[PDB]
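Enquirer: So I've got this file, model.cif, and it contains mmCIF, C-alpha atoms and all ligand atoms:
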```cif
data_data
#
loop_
_atom_site.label_atom_id
_atom_site.label_comp_id
_atom_site.auth_asym_id
_atom_site.auth_seq_id
_atom_site.Cartn_x
_atom_site.Cartn_y
_atom_site.Cartn_z
CA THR A 1 81.98 126.03 98.18
CA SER A 2 84.18 126.50 95.12
CA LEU A 3 85.16 129.71 93.38
CA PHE A 4 84.99 127.84 90.03
CA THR A 5 81.25 127.28 90.15
CA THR A 6 80.35 130.90 89.44
CA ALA A 7 83.58 131.99 87.71
CA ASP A 8 82.77 134.41 84.88
CA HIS A 9 85.44 136.50 83.16
CA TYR A 10 82.89 139.28 82.47
CA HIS A 11 81.86 139.44 86.16
CA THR A 12 84.95 139.13 88.35
CA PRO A 13 84.56 140.34 91.95
CA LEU A 14 86.57 143.52 92.56
CA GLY A 15 88.53 144.14 95.75
CA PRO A 16 89.04 147.38 97.66
CA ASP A 17 91.81 148.44 95.31
CA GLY A 18 89.40 148.33 92.35
CA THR A 19 90.94 145.29 90.57
CA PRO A 20 89.95 141.62 90.41
CA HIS A 21 93.32 140.62 91.91
CA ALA A 22 92.13 139.60 95.39
CA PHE A 23 89.68 137.24 93.63
CA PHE A 24 92.40 136.00 91.25
CA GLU A 25 94.65 135.28 94.24
CA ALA A 26 91.86 133.33 95.98
CA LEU A 27 91.13 131.36 92.78
CA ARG A 28 94.86 130.68 92.38
CA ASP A 29 94.91 129.27 95.92
CA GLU A 30 91.97 127.00 95.18
CA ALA A 31 93.56 125.93 91.86
CA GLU A 32 96.38 124.29 93.83
CA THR A 33 93.84 121.61 94.76
CA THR A 34 91.61 121.85 91.68
CA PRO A 35 93.42 123.35 88.64
CA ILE A 36 90.36 122.83 86.33
CA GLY A 37 86.84 123.43 87.54
CA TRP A 38 83.33 123.61 86.14
CA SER A 39 81.62 126.98 86.00
CA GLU A 40 77.84 127.19 85.67
CA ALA A 41 78.16 130.51 83.80
CA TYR A 42 77.29 130.69 80.06
CA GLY A 43 75.35 127.43 80.36
CA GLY A 44 78.32 125.48 81.80
CA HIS A 45 81.99 125.43 80.79
CA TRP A 46 85.47 124.50 82.03
CA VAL A 47 87.72 127.04 83.68
CA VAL A 48 91.42 126.13 83.33
CA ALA A 49 93.47 127.91 85.99
CA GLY A 50 96.66 125.90 86.64
CA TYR A 51 99.77 126.78 84.63
CA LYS A 52 100.68 123.28 83.50
CA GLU A 53 97.02 122.55 82.65
CA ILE A 54 96.72 125.66 80.44
CA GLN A 55 99.98 124.62 78.75
CA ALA A 56 98.60 121.15 78.12
CA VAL A 57 95.39 122.48 76.62
CA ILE A 58 96.93 125.21 74.51
CA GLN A 59 99.47 122.74 72.98
CA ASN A 60 96.80 120.16 72.16
CA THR A 61 95.33 121.63 68.98
CA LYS A 62 93.93 118.23 67.93
CA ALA A 63 91.39 118.28 70.77
CA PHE A 64 91.14 122.06 71.47
CA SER A 65 90.04 124.31 68.59
CA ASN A 66 90.34 128.08 68.13
CA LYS A 67 86.79 128.12 66.81
CA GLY A 68 86.07 128.74 70.51
CA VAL A 69 88.60 131.53 70.92
CA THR A 70 85.99 133.99 72.13
CA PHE A 71 83.37 132.74 74.54
CA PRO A 72 80.74 134.12 74.51
CA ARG A 73 81.49 134.75 70.88
CA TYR A 74 82.51 138.25 69.95
CA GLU A 75 80.03 140.18 67.77
CA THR A 76 81.56 140.02 64.29
CA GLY A 77 78.39 139.38 62.34
CA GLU A 78 78.83 136.51 59.91
CA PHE A 79 82.64 136.91 59.83
CA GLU A 80 85.17 134.62 61.48
CA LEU A 81 88.02 136.08 63.48
CA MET A 82 90.88 136.00 61.09
CA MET A 83 93.85 133.83 62.35
CA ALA A 84 92.64 133.87 65.98
CA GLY A 85 89.49 131.89 65.15
CA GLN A 86 91.11 129.37 62.81
CA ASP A 87 92.91 126.02 63.11
CA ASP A 88 95.76 124.76 60.97
CA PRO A 89 96.34 124.31 58.13
CA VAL A 90 94.14 127.36 57.35
CA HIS A 91 95.43 129.40 60.26
CA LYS A 92 99.10 129.04 59.25
CA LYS A 93 98.50 130.17 55.68
CA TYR A 94 96.69 133.35 56.71
CA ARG A 95 99.17 134.22 59.45
CA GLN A 96 102.10 133.83 57.05
CA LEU A 97 100.73 136.76 55.05
CA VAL A 98 101.28 139.18 57.91
CA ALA A 99 104.30 137.73 59.73
CA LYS A 100 106.71 140.17 58.13
CA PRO A 101 105.07 143.50 59.11
CA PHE A 102 104.82 142.29 62.72
CA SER A 103 108.43 141.14 62.91
CA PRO A 104 110.70 142.91 65.36
CA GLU A 105 112.62 144.68 62.63
CA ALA A 106 109.49 145.92 60.91
CA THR A 107 107.83 147.17 64.09
CA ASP A 108 111.07 148.73 65.37
CA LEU A 109 110.83 151.17 62.44
CA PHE A 110 108.06 152.95 64.41
CA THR A 111 110.00 153.41 67.62
CA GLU A 112 110.91 157.06 67.35
CA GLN A 113 107.59 157.85 65.73
CA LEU A 114 105.87 156.33 68.82
CA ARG A 115 108.13 158.44 71.04
CA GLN A 116 107.18 161.66 69.23
CA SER A 117 103.51 160.63 69.30
CA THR A 118 103.60 159.99 73.00
CA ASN A 119 105.15 163.36 73.69
CA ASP A 120 102.62 165.16 71.46
CA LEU A 121 99.81 163.46 73.43
CA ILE A 122 101.37 164.38 76.77
CA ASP A 123 101.68 168.03 75.56
CA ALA A 124 97.89 168.23 75.35
CA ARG A 125 97.39 168.13 79.13
CA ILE A 126 100.75 168.58 80.89
CA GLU A 127 100.01 172.29 81.53
CA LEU A 128 96.67 171.37 83.12
CA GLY A 129 97.73 169.20 86.03
CA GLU A 130 95.03 166.56 85.50
CA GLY A 131 93.79 164.01 83.03
CA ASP A 132 92.38 160.51 82.64
CA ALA A 133 95.51 158.52 81.76
CA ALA A 134 93.38 155.88 80.06
CA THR A 135 91.48 158.17 77.70
CA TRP A 136 94.28 160.74 77.25
CA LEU A 137 97.26 158.40 76.71
CA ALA A 138 96.61 154.66 76.99
CA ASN A 139 93.78 154.61 74.45
CA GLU A 140 95.45 156.94 72.00
CA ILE A 141 99.00 155.62 71.75
CA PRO A 142 98.01 152.19 70.29
CA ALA A 143 94.93 153.48 68.42
CA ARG A 144 96.98 156.07 66.52
CA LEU A 145 99.70 153.59 65.63
CA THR A 146 97.21 150.94 64.58
CA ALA A 147 95.41 153.51 62.43
CA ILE A 148 98.72 154.22 60.67
CA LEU A 149 99.45 150.50 60.18
CA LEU A 150 96.02 150.03 58.53
CA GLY A 151 95.99 153.32 56.57
CA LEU A 152 93.13 154.78 58.63
CA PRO A 153 92.82 158.41 59.85
CA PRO A 154 94.53 158.42 63.26
CA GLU A 155 92.32 161.21 64.61
CA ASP A 156 89.21 159.03 64.49
CA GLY A 157 90.00 156.84 67.48
CA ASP A 158 86.55 157.41 69.03
CA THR A 159 84.99 155.80 65.95
CA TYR A 160 87.33 152.79 66.14
CA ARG A 161 86.69 152.39 69.88
CA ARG A 162 82.95 152.51 69.28
CA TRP A 163 83.28 149.61 66.82
CA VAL A 164 85.34 147.58 69.25
CA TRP A 165 82.86 148.24 72.06
CA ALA A 166 80.17 146.66 69.89
CA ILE A 167 82.36 143.64 69.19
CA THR A 168 83.27 143.01 72.85
CA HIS A 169 80.55 144.51 75.16
CA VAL A 170 77.31 145.96 73.83
CA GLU A 171 74.59 143.87 75.43
CA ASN A 172 71.69 144.42 72.98
CA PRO A 173 72.61 142.00 70.20
CA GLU A 174 70.72 143.92 67.49
CA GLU A 175 72.56 147.10 68.43
CA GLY A 176 75.95 145.41 68.69
CA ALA A 177 75.52 143.76 65.30
CA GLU A 178 74.48 147.10 63.73
CA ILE A 179 77.53 148.91 65.04
CA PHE A 180 79.79 146.05 63.93
CA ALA A 181 78.20 146.51 60.48
CA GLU A 182 79.49 150.11 60.56
CA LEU A 183 83.05 148.76 60.84
CA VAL A 184 82.31 146.42 57.93
CA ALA A 185 81.07 149.37 55.75
CA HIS A 186 84.21 151.34 56.51
CA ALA A 187 86.41 148.30 55.85
CA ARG A 188 84.84 147.81 52.39
CA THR A 189 85.49 151.49 51.56
CA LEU A 190 89.09 151.27 52.73
CA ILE A 191 89.71 148.07 50.77
CA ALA A 192 88.27 149.56 47.57
CA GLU A 193 90.49 152.63 47.92
CA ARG A 194 93.60 150.51 48.65
CA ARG A 195 93.00 148.37 45.59
CA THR A 196 93.43 151.43 43.41
CA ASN A 197 96.03 153.21 45.54
CA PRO A 198 98.13 150.47 47.18
CA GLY A 199 100.74 151.48 49.72
CA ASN A 200 103.23 149.90 52.12
CA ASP A 201 100.63 149.34 54.84
CA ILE A 202 99.39 145.95 56.02
CA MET A 203 95.99 146.13 54.27
CA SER A 204 97.67 146.78 50.89
CA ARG A 205 99.84 143.76 51.67
CA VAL A 206 96.95 141.33 52.21
CA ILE A 207 94.99 142.83 49.30
CA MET A 208 97.87 141.98 46.97
CA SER A 209 98.45 138.61 48.57
CA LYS A 210 97.56 135.17 47.30
CA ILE A 211 96.96 131.85 49.01
CA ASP A 212 97.09 128.68 46.94
CA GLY A 213 97.16 130.88 43.85
CA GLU A 214 93.96 132.87 44.61
CA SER A 215 93.53 136.48 45.77
CA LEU A 216 91.76 136.83 49.10
CA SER A 217 87.99 137.42 49.08
CA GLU A 218 86.58 140.80 50.20
CA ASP A 219 85.29 138.90 53.22
CA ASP A 220 88.76 137.61 54.15
CA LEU A 221 90.09 141.16 53.77
CA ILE A 222 87.42 142.52 56.10
CA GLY A 223 88.48 139.71 58.43
CA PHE A 224 92.08 140.93 58.44
CA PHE A 225 90.99 144.52 58.97
CA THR A 226 88.81 143.51 61.88
CA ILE A 227 91.29 141.37 63.75
CA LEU A 228 94.18 143.87 63.33
CA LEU A 229 92.08 146.82 64.45
CA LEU A 230 90.68 144.79 67.35
CA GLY A 231 94.01 143.37 68.39
CA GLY A 232 95.85 146.64 67.89
CA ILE A 233 93.70 148.93 69.98
CA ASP A 234 91.87 147.00 72.65
CA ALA A 235 94.13 144.85 74.85
CA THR A 236 96.97 147.29 74.31
CA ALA A 237 94.88 150.16 75.66
CA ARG A 238 93.65 148.14 78.66
CA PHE A 239 97.18 146.96 79.50
CA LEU A 240 98.66 150.45 79.29
CA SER A 241 95.77 151.81 81.37
CA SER A 242 96.43 149.24 84.11
CA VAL A 243 100.14 150.14 84.01
CA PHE A 244 99.50 153.89 84.40
CA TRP A 245 97.13 153.14 87.28
CA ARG A 246 99.77 151.00 89.01
CA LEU A 247 102.47 153.59 88.50
CA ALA A 248 100.16 156.30 89.91
CA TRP A 249 100.04 154.75 93.37
CA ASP A 250 103.01 152.40 93.53
CA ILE A 251 105.69 154.99 94.25
CA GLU A 252 108.33 152.31 94.93
CA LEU A 253 107.94 150.65 91.52
CA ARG A 254 107.84 154.11 89.92
CA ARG A 255 111.06 155.46 91.43
CA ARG A 256 112.90 152.29 90.41
CA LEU A 257 111.90 152.64 86.77
CA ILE A 258 113.05 156.28 86.77
CA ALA A 259 116.38 155.32 88.44
CA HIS A 260 116.89 152.24 86.17
CA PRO A 261 115.47 152.92 82.71
CA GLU A 262 117.49 149.93 81.49
CA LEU A 263 115.09 147.77 83.51
CA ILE A 264 111.94 149.05 81.77
CA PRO A 265 111.79 146.23 79.15
CA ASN A 266 112.01 143.58 81.82
CA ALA A 267 109.53 145.50 83.98
CA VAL A 268 107.11 145.64 81.00
CA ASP A 269 107.34 141.84 80.80
CA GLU A 270 106.58 141.53 84.51
CA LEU A 271 103.69 144.00 84.20
CA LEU A 272 102.40 141.81 81.30
CA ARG A 273 102.49 138.83 83.67
CA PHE A 274 100.67 140.75 86.40
CA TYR A 275 98.16 142.88 84.37
CA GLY A 276 97.87 140.82 81.14
CA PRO A 277 94.35 141.68 79.93
CA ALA A 278 93.53 138.51 78.01
CA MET A 279 91.84 135.20 78.41
CA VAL A 280 91.01 132.89 75.51
CA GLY A 281 88.67 129.98 74.93
CA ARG A 282 88.97 126.65 73.15
CA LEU A 283 86.22 124.50 71.68
CA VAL A 284 86.58 120.83 72.62
CA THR A 285 86.52 118.74 69.42
CA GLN A 286 87.40 115.29 70.76
CA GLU A 287 87.09 113.58 74.11
CA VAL A 288 90.20 114.48 76.10
CA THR A 289 91.48 114.09 79.61
CA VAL A 290 93.50 116.85 81.30
CA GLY A 291 94.50 116.04 84.85
CA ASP A 292 91.40 114.76 86.67
CA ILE A 293 88.97 116.13 84.11
CA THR A 294 87.52 114.51 81.02
CA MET A 295 86.13 117.02 78.54
CA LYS A 296 83.65 116.18 75.77
CA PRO A 297 83.13 117.50 72.25
CA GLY A 298 81.15 120.70 72.13
CA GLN A 299 82.23 121.89 75.60
CA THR A 300 84.33 125.03 75.93
CA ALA A 301 87.44 125.51 78.03
CA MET A 302 88.34 129.04 79.11
CA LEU A 303 92.07 129.58 79.69
CA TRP A 304 92.37 131.88 82.70
CA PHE A 305 95.87 133.17 82.00
CA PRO A 306 95.83 135.65 84.96
CA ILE A 307 95.46 132.76 87.40
CA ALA A 308 98.16 130.66 85.74
CA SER A 309 100.44 133.71 85.74
CA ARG A 310 100.17 133.56 89.60
CA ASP A 311 100.82 129.79 89.93
CA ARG A 312 103.36 129.15 92.75
CA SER A 313 104.67 126.03 91.00
CA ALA A 314 105.62 128.13 87.95
CA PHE A 315 106.78 131.40 89.57
CA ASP A 316 108.58 132.31 92.78
CA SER A 317 106.69 134.95 94.83
CA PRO A 318 103.99 135.29 92.14
CA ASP A 319 102.01 137.99 93.97
CA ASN A 320 104.93 140.44 93.83
CA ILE A 321 105.91 142.57 90.84
CA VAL A 322 109.63 141.60 90.61
CA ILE A 323 110.89 143.79 87.81
CA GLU A 324 114.09 141.75 87.42
CA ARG A 325 112.22 138.46 87.07
CA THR A 326 113.57 136.05 84.42
CA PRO A 327 112.83 133.91 82.45
CA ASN A 328 109.24 134.96 83.30
CA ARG A 329 107.50 132.52 80.95
CA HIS A 330 104.04 133.96 81.60
CA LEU A 331 101.09 133.15 79.36
CA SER A 332 99.71 136.67 78.91
CA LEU A 333 100.58 136.67 75.18
CA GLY A 334 99.53 133.01 74.74
CA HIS A 335 101.72 130.08 73.80
CA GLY A 336 102.19 127.86 70.76
CA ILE A 337 100.80 128.36 67.25
CA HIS A 338 98.45 131.29 68.12
CA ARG A 339 101.01 133.22 70.23
CA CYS A 340 100.28 136.90 69.97
CA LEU A 341 101.07 138.40 66.57
CA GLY A 342 101.55 141.80 68.21
CA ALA A 343 103.94 140.63 70.95
CA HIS A 344 106.92 142.68 69.94
CA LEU A 345 104.77 145.69 69.02
CA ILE A 346 103.15 145.93 72.47
CA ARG A 347 106.55 145.61 74.11
CA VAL A 348 107.82 148.58 72.11
CA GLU A 349 104.64 150.64 72.67
CA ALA A 350 104.78 150.00 76.42
CA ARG A 351 108.49 150.71 76.76
CA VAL A 352 108.17 153.99 74.91
CA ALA A 353 104.93 154.99 76.71
CA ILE A 354 106.37 154.37 80.17
CA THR A 355 109.77 155.94 79.38
CA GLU A 356 108.39 159.19 77.96
CA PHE A 357 105.60 159.49 80.53
CA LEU A 358 107.97 159.14 83.50
CA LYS A 359 110.43 161.52 81.83
CA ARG A 360 107.71 164.21 81.41
CA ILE A 361 105.68 163.59 84.57
CA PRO A 362 107.76 161.84 87.23
CA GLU A 363 105.39 162.97 90.02
CA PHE A 364 101.67 162.13 89.81
CA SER A 365 98.93 160.36 91.78
CA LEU A 366 95.38 159.12 91.48
CA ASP A 367 92.76 161.86 91.61
CA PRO A 368 91.01 161.66 95.00
CA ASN A 369 87.91 163.32 93.50
CA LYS A 370 87.28 161.04 90.53
CA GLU A 371 86.81 157.28 90.31
CA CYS A 372 88.86 154.67 88.55
CA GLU A 373 87.01 151.95 86.68
CA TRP A 374 88.12 148.44 85.78
CA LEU A 375 86.61 146.92 82.61
CA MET A 376 85.90 143.18 82.82
CA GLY A 377 85.71 140.66 80.01
CA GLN A 378 87.93 138.58 77.83
CA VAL A 379 90.17 141.68 77.63
CA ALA A 380 90.21 143.31 81.04
CA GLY A 381 91.95 146.25 82.65
CA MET A 382 91.51 149.85 83.80
CA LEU A 383 89.11 151.89 81.65
CA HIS A 384 89.37 155.18 83.56
CA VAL A 385 92.49 156.31 85.48
CA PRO A 386 92.03 159.94 86.63
CA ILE A 387 95.35 161.35 87.74
CA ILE A 388 96.65 164.68 89.04
CA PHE A 389 100.21 166.03 88.76
CA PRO A 390 102.22 169.26 89.08
CA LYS A 391 101.71 171.43 86.01
CA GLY A 392 104.54 171.14 83.52
CA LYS A 393 105.56 172.49 80.15
CA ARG A 394 104.84 171.49 76.56
CA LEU A 395 107.73 170.39 74.35
CA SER A 396 106.02 171.67 71.20
CA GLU A 397 104.99 175.24 72.02
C1 LIG B 401 98.55 143.85 75.72
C2 LIG B 401 98.39 143.60 74.44
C3 LIG B 401 97.96 142.23 73.90
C4 LIG B 401 97.67 141.07 74.56
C5 LIG B 401 97.57 140.77 76.06
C6 LIG B 401 97.37 140.05 73.56
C7 LIG B 401 97.04 138.75 73.86
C8 LIG B 401 96.97 137.75 72.93
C9 LIG B 401 96.78 136.34 73.21
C10 LIG B 401 96.68 135.70 74.62
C11 LIG B 401 96.75 135.68 72.04
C12 LIG B 401 96.64 134.18 71.81
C13 LIG B 401 95.31 133.76 71.25
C14 LIG B 401 95.01 132.30 71.49
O1 LIG B 401 95.81 131.54 72.10
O2 LIG B 401 93.88 131.87 71.09
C15 LIG B 401 96.84 136.71 70.99
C16 LIG B 401 96.80 136.42 69.66
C17 LIG B 401 96.75 137.39 68.67
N1 LIG B 401 96.97 138.76 68.82
FE1 LIG B 401 97.44 139.68 70.55
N2 LIG B 401 97.45 140.61 72.35
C18 LIG B 401 97.91 141.92 72.49
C19 LIG B 401 98.20 142.83 71.48
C20 LIG B 401 98.10 142.57 70.12
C21 LIG B 401 98.39 143.55 69.07
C22 LIG B 401 99.04 144.91 69.29
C23 LIG B 401 98.06 142.95 67.90
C24 LIG B 401 98.13 143.49 66.47
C25 LIG B 401 98.21 144.78 66.18
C26 LIG B 401 97.53 141.64 68.20
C27 LIG B 401 97.07 140.72 67.30
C28 LIG B 401 96.86 139.39 67.57
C29 LIG B 401 96.45 138.41 66.60
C30 LIG B 401 96.15 138.60 65.12
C31 LIG B 401 96.38 137.10 67.29
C32 LIG B 401 96.03 135.78 66.62
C33 LIG B 401 97.36 135.10 66.23
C34 LIG B 401 97.15 133.71 65.72
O3 LIG B 401 95.98 133.24 65.83
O4 LIG B 401 98.12 133.12 65.21
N3 LIG B 401 97.56 141.40 69.56
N4 LIG B 401 97.00 137.98 71.58
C1 LIG B 402 90.31 138.54 72.72
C2 LIG B 402 91.59 138.09 72.12
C3 LIG B 402 92.61 137.83 73.23
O1 LIG B 402 92.18 139.22 71.21
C4 LIG B 402 92.30 138.77 69.81
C5 LIG B 402 92.87 139.83 68.92
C6 LIG B 402 93.28 137.63 69.96
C7 LIG B 402 92.70 136.53 70.74
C8 LIG B 402 91.36 136.87 71.31
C9 LIG B 402 90.43 137.25 70.27
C10 LIG B 402 90.94 138.31 69.34
#
```
Could I get this structure in the form of structure tokens?

Expert:
Amino acid sequence: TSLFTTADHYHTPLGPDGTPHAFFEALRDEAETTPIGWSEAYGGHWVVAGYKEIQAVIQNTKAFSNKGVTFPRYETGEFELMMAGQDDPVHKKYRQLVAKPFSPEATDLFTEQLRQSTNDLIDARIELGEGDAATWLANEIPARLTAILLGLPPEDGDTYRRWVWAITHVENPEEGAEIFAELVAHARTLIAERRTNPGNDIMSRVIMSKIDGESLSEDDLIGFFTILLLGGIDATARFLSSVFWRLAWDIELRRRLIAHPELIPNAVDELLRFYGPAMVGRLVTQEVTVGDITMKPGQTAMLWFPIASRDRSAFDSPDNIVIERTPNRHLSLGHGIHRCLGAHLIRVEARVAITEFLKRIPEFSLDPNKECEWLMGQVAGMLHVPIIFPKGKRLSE
């Protein structure tokens, strides 16, 4: 028997802790013998689990196209995924338009604003002694910031999350497509308003941009809106949720981050290795051999970053969260020409979220009377993290 044969990133066996990590560890073990295996899920596809094999695939853009970046394809109607779903030279020209606002200096401008935001969110339940850390904090910190980056109302996160749910999970394809069309209607309204009232936000920037002398089409602009909203609120929320869950029970990790706040950036990087939500696909466009396996045009390869992030030939003691680990060249943010546009931004969001939360609520635990829930898929992580804690005091009021 092989664990590859029924591997499916939307249906990962969960262990007694509520995560897929026992299964990932078992697949990692098998991958030492077979780093690429055939799964019969989704009609048949390749699962790439070894670290060096994922590196080989993700560097080989001639044979492995980002037209397959989501598999099964995300529900975005007739729209492509902007940047993420493109190959060069097209990909590079679109990404250049938004490189500046995602640079470390540009995103660092939001640091203290994120800190204030995080504290305002914590104020809403600190006097109560209980909350779902995912819905209360993890969902809201990145959704509010993303809203501000796109010039959306930050208070409407439930609307934005409903759109993303349709893109990533709704099973009835008519329904999912209709809800995605709601996002598209709102994007058109936003774009029309920005045209007349341009600001310093990222949508105004791409609206005023040109490629090869031509303004972007309304469709390309909707594409930018979609990928930035999607990227900004989904994997960030799942990652932060998984982190709050881990900190709720892992009292040893928690006390160390309180004692050594200077280690929080490196610990965020290690938590990205361990809880990185993402996997990505590639469409095979030319016959290619990777290790023992020859892939053929039209096949899809899924890059199982969480398994490669646990590869013993790439990391010492990969099953331990070693907060001082360097260089820690994990693949949770990708590698090569598509490497995550939001990399620096999530590092800042996570550092601030963890720092302020542990400052405000150093003592907390999982609620024994409510269930946690792990969401599976191409972006995976805790969805519900009910916690309890001693009642504390609001900063504002
Ligand atoms: C925990 C948080 C996140 C994780 C794990 C993550 C993961 C990734 C990964 C693995 C890729 C590579 C795609 C590939 O190789 O096909 C990627 C690309 C990308 N991400 Fe992120 N992402 C995160 C947050 C963000 C945020 C905050 C944004 C923007 C607000 C964002 C926007 C993008 C975009 C636009 C791409 C495509 C870049 C390109 O194609 O050149 N992501 N992300
Ligand atoms: C699912 C995932 C990882 O997130 C986005 C923003 C980047 C790569 C893919 C598709 C879209």

Enquirer: Quick one: residues within 12 Å of residue 154 (chain A), all atoms listed in the file, excluding same-chain residues fewer than 6 positions away - as an NGL selection string?

Expert: :A and (117 or 139-148 or 160-161 or 229 or 233)

Enquirer: Collect all residues with atoms no farther than 6 Å from ligand LIG 401 (chain B), counting all atoms listed in the file, and output them as a PyMOL selection string.

Expert: chain A and resi 66+69+83-84+95+227-228+231-232+235-236+239+276-278+280+332-334+337-342+345-346

Enquirer: For region 385-394 of chain A, work out the shell of residues within 7 Å, counting only C-alpha atoms and skipping chain neighbours fewer than 2 positions away, then give it as a count of residues only.

Expert: 24

Enquirer: Taking all listed atoms of ligand LIG 402 (chain B), build the axis-aligned box, pad each of the six sides by 6 Å, then write its centre and edge lengths in Å to one decimal as JSON.

Expert:
```
{"center_x": 91.8, "center_y": 138.2, "center_z": 71.1, "size_x": 15.0, "size_y": 15.3, "size_z": 16.3}
```

Enquirer: Rounded to one decimal in Å, what is the spacing between CA of residue 168 (chain A) and CA of residue 9 (chain A)?

Expert: 12.4 Å

Enquirer: Could you name the residues that touch residue 162 (chain A) at 12 Å or less, counting all atoms listed in the file, but leaving out those on the same chain fewer than 3 positions away, as a PyMOL selection string?

Expert: chain A and resi 156-159+165-170+175-176+178-183+229-230+233-234

Enquirer: Between A:197, A:86, A:300, A:113, which one has atoms that come closest to ligand LIG 402 (chain B), using all atoms listed in the file?

Expert: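 Closest residue, counting all atoms listed in the file: A:86.
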
Enquirer: Quote the spacing between CA of residue 355 (chain A) and CA of residue 257 (chain A) in Å to one decimal place.

Expert: 8.4 Å

Enquirer: Pick the closest to ligand LIG 402 (chain B) from A:361, A:138, A:251, A:81: which is it, counting only C-alpha atoms and all ligand atoms?

Expert: A:81

Enquirer: Of the candidates A:36, A:329, A:216, A:344, which shows the shortest atom-to-atom distance to residue 292 (chain A), using all atoms listed in the file?

Expert: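 Among the listed residues, the smallest separation from residue 292 (chain A) belongs to A:36.
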
Enquirer: With all atoms listed in the file as the counted atoms, please give the residues lying no more than 9 Å from residue 12 (chain A), apart from itself and same-chain residues fewer than 3 positions off, as number ranges by chain.

Expert: A: 7-9, 19-20, 23-24, 376-377

Enquirer: So how many Å separate CA of residue 10 (chain A) and CA of residue 283 (chain A), to one decimal?

Expert: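 Atom-to-atom, CA of residue 10 (chain A) and CA of residue 283 (chain A) are spaced 18.6 Å apart.
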
Enquirer: With distances taken over only C-alpha atoms and all ligand atoms, which residue among A:40, A:53, A:80, A:316 lies nearest ligand LIG 402 (chain B)?

Expert: A:80

Enquirer: Which neighbours of residue 63 (chain A) fall inside 12 Å, counting all atoms listed in the file, when residues of the same chain fewer than 5 positions from it are skipped, and could you give them as number ranges by chain?

Expert: A: 56-58, 68, 87, 282-290, 294-301

Enquirer: Regenerate region 49-62 of chain A at the level of N, CA and C atoms and dump it as an mmCIF file, in the frame of the given file.

Expert:
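Written out: result_4.cif:
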```cif
data_model
loop_
_atom_site.group_PDB
_atom_site.id
_atom_site.type_symbol
_atom_site.label_atom_id
_atom_site.label_comp_id
_atom_site.auth_asym_id
_atom_site.auth_seq_id
_atom_site.Cartn_x
_atom_site.Cartn_y
_atom_site.Cartn_z
ATOM 1 N N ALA A 49 92.778 126.891 85.155
ATOM 2 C CA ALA A 49 93.470 127.910 85.990
ATOM 3 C C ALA A 49 94.913 127.538 86.326
ATOM 4 N N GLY A 50 95.270 126.253 86.344
ATOM 5 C CA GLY A 50 96.660 125.900 86.640
ATOM 6 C C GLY A 50 97.586 126.145 85.442
ATOM 7 N N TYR A 51 98.837 126.530 85.705
ATOM 8 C CA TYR A 51 99.770 126.780 84.630
ATOM 9 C C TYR A 51 100.025 125.570 83.740
ATOM 10 N N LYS A 52 100.375 124.429 84.333
ATOM 11 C CA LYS A 52 100.680 123.280 83.500
ATOM 12 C C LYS A 52 99.429 122.781 82.749
ATOM 13 N N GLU A 53 98.243 122.950 83.320
ATOM 14 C CA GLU A 53 97.020 122.550 82.650
ATOM 15 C C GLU A 53 96.710 123.463 81.451
ATOM 16 N N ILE A 54 96.905 124.784 81.591
ATOM 17 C CA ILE A 54 96.720 125.660 80.440
ATOM 18 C C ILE A 54 97.745 125.267 79.362
ATOM 19 N N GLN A 55 98.995 125.016 79.751
ATOM 20 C CA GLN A 55 99.980 124.620 78.750
ATOM 21 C C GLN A 55 99.533 123.387 78.006
ATOM 22 N N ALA A 56 99.024 122.396 78.749
ATOM 23 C CA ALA A 56 98.600 121.150 78.120
ATOM 24 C C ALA A 56 97.466 121.369 77.127
ATOM 25 N N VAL A 57 96.515 122.218 77.497
ATOM 26 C CA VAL A 57 95.390 122.480 76.620
ATOM 27 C C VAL A 57 95.818 123.258 75.388
ATOM 28 N N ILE A 58 96.639 124.289 75.603
ATOM 29 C CA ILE A 58 96.930 125.210 74.510
ATOM 30 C C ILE A 58 97.869 124.531 73.497
ATOM 31 N N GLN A 59 98.633 123.510 73.912
ATOM 32 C CA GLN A 59 99.470 122.740 72.980
ATOM 33 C C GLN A 59 98.706 121.685 72.195
ATOM 34 N N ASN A 60 97.560 121.283 72.716
ATOM 35 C CA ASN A 60 96.800 120.160 72.160
ATOM 36 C C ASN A 60 95.746 120.684 71.179
ATOM 37 N N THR A 61 96.206 121.076 69.993
ATOM 38 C CA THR A 61 95.330 121.630 68.980
ATOM 39 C C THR A 61 94.442 120.571 68.345
ATOM 40 N N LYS A 62 94.779 119.283 68.476
ATOM 41 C CA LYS A 62 93.930 118.230 67.930
ATOM 42 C C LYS A 62 92.599 118.168 68.660
#
```
